[PDB]
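Working notes, beginning with the structure itself.
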Amino acid sequence: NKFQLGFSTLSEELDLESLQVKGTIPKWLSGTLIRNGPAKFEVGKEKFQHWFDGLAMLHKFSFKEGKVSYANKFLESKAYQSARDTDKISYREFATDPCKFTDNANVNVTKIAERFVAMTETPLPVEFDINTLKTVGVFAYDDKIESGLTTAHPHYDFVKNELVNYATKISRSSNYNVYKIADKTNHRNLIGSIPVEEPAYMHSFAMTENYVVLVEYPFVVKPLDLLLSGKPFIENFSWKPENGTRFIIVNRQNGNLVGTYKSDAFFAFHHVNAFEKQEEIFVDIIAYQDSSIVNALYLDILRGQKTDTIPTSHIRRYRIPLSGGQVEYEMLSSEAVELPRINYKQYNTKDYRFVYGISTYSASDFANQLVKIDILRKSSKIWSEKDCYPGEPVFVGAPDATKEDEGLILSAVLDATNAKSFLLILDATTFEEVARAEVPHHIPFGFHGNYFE
Ligand SMILES: CC1=C(/C=C/C(C)=C/C=C/C(C)=C/C=C/C=O)C(C)(C)C[C@H](O)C1
Ligand SMILES: [Cl-]
Ligand SMILES: [Co+2]
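For the sequence shown, the positions run 7 to 105, 119 to 472 when the authors' numbering is used.
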């Protein structure tokens with residue numbers, strides 16, 4: 007297992023004004039890339055069981071006139087602080103329990132009320148200073164919306180300047196609570212509540228011009244099992260394919276229920292994009308046949324000699340006829356893909372042509388390719404390098420760009436032979452390297468990051 011290092015702890019935290027750059031970083035890149043992910047997979051003798059359990063570490067790539075600065079710090083969550091100060095796992099994670120939700124916000128980062136927050140799937144984000152990467156603390160919402168489970172995949176409406184997300188109240192009468200947050204406030208407005216007997220694990224959701232679409236995979240929990248069983252969070256979820264998948268369509272301006280539609284069972288972590296066209300909604304999803312991927316992302320499998328056991332996902336375009344009818348899909352590409360990203364700022368909620376992601380096709384290795392899928396031409400461009408494992412491709416559009424793929428792709432890449440990571444900058448159009456910046460250590464395999472101007 008050459009990539010074993012990507013799932014090993016990084017204890018080193020440093021701050022460097024300049025990384026060694028090769029190539030040239032465009033002058034117009036003047037923002038900051040923040041990467042989030044797990045970077046500590048044990049506390050004393052106690053090991054975290056699952057990739058999703060690792061204690062959050064932020065990585066900062068800040069750009070000035072062709073130079074790039076780097077800093078990394080562990081998020082000083084109560085989860086981290088308690089582990090550091092008692093050498094005991096102290097909060098319940100995705101798949102590990104101690105020997119009252121974790122604030123181990125290891126999944127994604129965004130801005131709420133002009134503040135930088137790290138996010139996981141527990142109710143409250145964790146605020147951090149982008150200058151220092153210091154932790155300010157739990158970011159409280161100012162509202163009466165009940166939640167136990169949420170996403171670290173909020174959507175953002177650039178027209179209305181609203182963050183959009185949902186949170187599940189998990190109780191004997193559970194609710195999916197769809198909400199929005201206006202710029203310069205931490206108050207969430209409830210759009211709508213959908214009552215549900217057995218809440219589904221929905222890592223992300225779709226947003227169109229007029230709608231939120233919750234795609235309810237039949238991977239579901241009995242609320243009382245979560246409240247009372249001895250078992251870590253994710254062990255309480257069951258695959259029930261007889262339920263099918265349910266597309267719940269909510270008007271995200273007035274909370275009206277547009278309708279519910281069923282397809283055959285499938286599972287997904289990541290939506291790609293969705294859009295309305297005539298009397299139809301198209302929903303592009305990185306779909307697995309079932310939920311078995313969840314058990315494949317336990318560390319003993321990820322570190323083991325059986326990684327061809329890890330199920331592949333593919334881009335499915337689901338067509339919802341609002342007129343009425345069963346939801347059918349077609350494949351947009353033959354490539355196995357995860358960690359999808361688009362020209363979000365210009366093409367989220369809109370008809371589009373280009374998806375960036377990591378190849379999980381295993382042509383030559385595990386997760387060793389960046390891929391750019393051309394939906395129109397049904398073709399792909401590939402980036403790879405011997406014994407290198409690239410992270411999520413973050414797209415940044417060029418100034419006054421007239422094309423969907425005019426800009427840069429930023430990917431944190433593990434170099435296994437060098438036992439250190441580099442930031443790869445591709446031109447999004449050619450999908451060829453324009454620069455890289457060396458990091459003095461390995462960046463463990465992370466989840467999501469965002470570029471802030
Ligand atoms: C939400 C909830 C709980 C905690 C859930 C937790 C720790 C979820 C973590 C999700 C993560 C980190 C997912 C990451 C996905 C990345 O690709 C209790 C504390 C285990 C029980 C409570 O009733 C409900
Ligand atoms: Cl129950
Ligand atoms: Co995710």
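Think of the CB as a built atom: it goes at the ideal place given N, C-alpha and C, for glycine as much as any other residue.
**Continuous beta strand (DSSP E) stretch holding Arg335: start and end** = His333 to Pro340
**Asked** Do three or more CB pairs link the stretch 168-180 to the stretch 220-227 at distances below 8 Å?
**Response** yes
**Message:** According to DSSP, simplified to helix, strand and coil, what is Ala159?
**Reply:** Residue state, collapsed to three classes: coil.
**Asked** Assuming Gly465 and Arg207 make a contact with CB atoms under 8 Å, what is their CB distance in whole Å?
**Response** That belief does not hold up - the Cβ atoms of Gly465 and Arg207 are roughly 27 Å apart, past 8 Å.
**Prompt:** Per DSSP, which one or two residues make a beta bridge with residue 2?
**Reply:** Examination of residue 2 is not possible in this model, given that the chain is present from 7 through 472 alone.
**Request:** Check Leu168 in the structure and name its three-state DSSP category.
**Result:** strand
**Asked** Closest to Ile394 by CA distance: which of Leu247, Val291, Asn125 and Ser212 is it?
**Response** Among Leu247, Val291, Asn125 and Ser212, the Cα nearest to that of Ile394 is on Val291.
**Prompt:** First and last residue of the alpha helix (DSSP H) that includes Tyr366?
**Reply:** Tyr363 to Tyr366
**Message:** Taking 6 Å as the cut-off, is the beta-carbon of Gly278 closer than that to any non-hydrogen atom of ligand 1?
**Reply:** no
**Message:** Counting C-beta neighbours from all protein chains within 10 Å, is the total for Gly426 16 or more, i.e. buried, or is it exposed?
**Reply:** buried
**Message:** Checking 7 Å against the spacing of the C-beta atoms, do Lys199 and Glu181 come in under that value?
**Reply:** In this structure, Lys199 sits near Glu181, with a CB-CB distance shorter than 7 Å.
**Prompt:** Could you give the residue range of the beta strand (DSSP E) that holds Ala62?
**Reply:** Taken as a continuous stretch (DSSP letters only), the beta strand (DSSP E) holding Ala62 covers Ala62 to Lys70.
**Message:** List, from N- to C-terminal side, the beta strand (DSSP E) runs of 3 residues or more that fit wholly inside the stretch 234-281.
**Reply:** 238-240, 256-258 and 264-270
**Message:** Taking the alpha carbon of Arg98 as the reference point, which residue from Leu61, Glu82, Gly37 and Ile131 has its own alpha carbon closest?
**Reply:** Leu61
**Asked** Within 6 Å: the Cβ of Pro242 and any heavy atom of ligand 2?
**Response** yes
**Prompt:** Does the separation of the CB atoms of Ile267 and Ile213 fall below 7 Å?
**Reply:** Yes, these two residues count as a Cβ contact at 7 Å.
**Request:** Using alpha carbons as the reference points, say which of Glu349, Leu20 and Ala101 lies closest to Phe67.
**Result:** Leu20
**Request:** Taking 7 Å as the limit, tell me which residues put their C-beta closer than that to any heavy atom of ligand 3, in chain order.
**Result:** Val126, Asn127, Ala171, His172, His222, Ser223, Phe288, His289, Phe466 and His467
**Message:** What does the Cβ neighbour count give for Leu389, buried or exposed, with the cut at 16 atoms within 10 Å?
**Reply:** buried
**Prompt:** Applying the criterion that 16 or more other CB atoms from any shown protein chain within 10 Å of the CB defines a buried residue, is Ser430 buried or exposed?
**Reply:** buried
**Request:** Look up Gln87 in the DSSP assignment and say whether it is helix, strand or coil.
**Result:** DSSP, read as helix, strand or coil, puts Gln87 in helix.
**Prompt:** Taking Cβ to Cβ, would you say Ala124 is nearer than 7 Å to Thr139?
**Reply:** Yes, the pair counts as a contact, with Cβ atoms nearer than the cut-off.
**Asked** Where does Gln55 land, buried or exposed, given buried means 16+ other C-beta within 10 angstroms?
**Response** buried
**Asked** Within the present structure, is the beta-carbon of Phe120 separated from the nearest heavy atom of ligand 1 by less than 6 Å?
**Response** yes
**Prompt:** Is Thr379 near ligand 1, judged by its Cβ being under 6 Å from some heavy atom?
**Reply:** no
**Message:** What does the Cβ neighbour count give for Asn150, buried or exposed, with the cut at 16 atoms within 10 Å?
**Reply:** Exposed.
**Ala315: first and last residue of the uninterrupted alpha helix (DSSP H) it sits in** = Following the DSSP letters along the chain, one finds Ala315 inside the alpha helix (DSSP H) bounded by residues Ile312 to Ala315.
**Item:** Which of helix, strand or coil DSSP assigns to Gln388
**Value:** strand
**Message:** Excluding the 5 residues flanking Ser96 on each side, which residues of the same chain have their C-beta closer than 8 Å to its C-beta?
**Reply:** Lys84, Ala85, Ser88, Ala89 and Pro104
**Asked** According to DSSP, is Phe373 helix, strand or coil?
**Response** strand
**Item:** Classification of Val155 by the beta-carbon crowding that lies within 10 angstroms, buried from 16 upward
**Value:** exposed
**Request:** Quickly, what does DSSP pair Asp406 with across the bridge? List them, please.
**Result:** Per DSSP, none; premise fails for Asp406.
**Request:** Output the distance between the C-alpha atoms of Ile392 and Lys179, rounded to the nearest integer angstrom.
**Result:** Cα to Cα, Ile392 sits roughly 30 Å from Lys179.
**Message:** Does the beta-carbon of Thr187, which I'm using as the reference point, lie nearer than 6 Å to any heavy atom of ligand 1?
**Reply:** Not one heavy atom of ligand 1 lies closer than 6 Å to the C-beta of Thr187.
**Cβ contact check for the stretch 299-310 and the stretch 71-84: 3 or more pairs under 8 Å** = no
**Prompt:** Rounded C-beta distance between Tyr470 and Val432? I'm assuming under 8 Å.
**Reply:** Not really, about 17 Å apart at Cβ, beyond 8 Å.
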